[PDB]
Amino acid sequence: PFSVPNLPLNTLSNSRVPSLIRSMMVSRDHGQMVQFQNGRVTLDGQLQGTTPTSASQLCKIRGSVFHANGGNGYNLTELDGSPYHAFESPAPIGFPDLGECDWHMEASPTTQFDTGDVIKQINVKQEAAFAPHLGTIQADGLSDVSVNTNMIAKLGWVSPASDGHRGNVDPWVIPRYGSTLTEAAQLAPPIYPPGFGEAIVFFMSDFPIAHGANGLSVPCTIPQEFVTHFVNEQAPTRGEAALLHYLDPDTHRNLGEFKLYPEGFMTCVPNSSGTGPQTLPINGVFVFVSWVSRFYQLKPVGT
């Protein structure tokens, strides 16, 4: 039988950055379409895009240092050291999907070391030599690292694109992973609001962002622990949408009804002009009620 985790939201992780869920929101300016590559899963537990099983794989890069044509970077592998297969995903599993910004990362050797001198503060820019789908990304801070040094890079913070094309970091934008004719076809597909007054629910987490469009806020379509739960359970999808209640376990009140679609995103009907689920407490738990049709009309949520 289908289920969602019986765990309070505020103890769960964002599925795009390894940070606790701070709030829920709907978006008028950004909620018309998203194509996040992390936090992408079916309700029957098929991982999509670059989505990992574990939050510990999120926003990490692994590869071997190259020096070519006056530029330094990584020949990418998977985080476990196994080869990156370009037909399988648009980048290695857990590769960050924060588009059009600088990635300030800490890179360390994948072999035992004696001193912190082998630890490098690197900057990954999304410019001409950013080609994760082809298995190569440029990086500043690698000039003094020997060719073929195997390393793991962990995302610390992001800042506006070094080239000046965007004055802020927009956490709604995904990377351009490659430049081929069939490039958009290799991605986890776009997510649209489905109709019937429904808006996509975004789970917001704080991440270290210099000059963020929404300050520290990063949106995702499902908590990481929900991803893991679906992969674990492999529950057959038996309807067009899973009706959920958001319960307050402390007050024993039903706070709102929600719809979770086979494509792994959640909707609510925001009350009139409204912030919808943004005013709800963040320590509630989702519970599966039943399978419903796509046209099942939800009770409005919020003020």
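So that there is no doubt, residue numbering starts at 1 and follows the sequence shown.
message: Tell me which stretch, 294-302 or 1-9, has the higher mean Cα B-factor listed in the entry.
response: That would be 294-302.
query: Do the C-alpha atoms of 111-119 or of 130-138 have the higher average B factor in the entry?
result: Between 130-138 and 111-119, it is 111-119.
Residue with maximal Cα B-factor (values as given in the PDB entry) among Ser272, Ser64, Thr42, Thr50: Top of the list by C-alpha B-factor: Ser272.
field: Among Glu100, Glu225, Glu106, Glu88 - the residue whose C-alpha B-factor is largest in the record
entry: Comparing C-alpha B-factors across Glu100, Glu225, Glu106, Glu88, the maximum falls on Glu88.
task: Using the B-factor values recorded in the entry, state whether the Cα atom of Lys259 falls in the lowest, middle or highest third among the modelled residues of its chain.
output: Middle third of the chain for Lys259's C-alpha B-factor.
query: Can you tell me which third, lowest, middle or highest, the CA B-factor of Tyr177 falls into for its chain?
result: It falls in the middle third of the chain.
field: Third of the chain, ranked by Cα B-factor, where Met25 sits
entry: It belongs to the highest third of the chain when residues are ordered by C-alpha B-factor.
message: Going by the CA temperature factor in the PDB record, which third of the chain does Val285 belong to: lowest, middle or highest?
response: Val285: CA B-factor falls in the middle third of its chain.
message: Please place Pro208 in the lowest, middle or highest third of its chain according to the CA B-factor in the PDB entry.
response: Lowest third.
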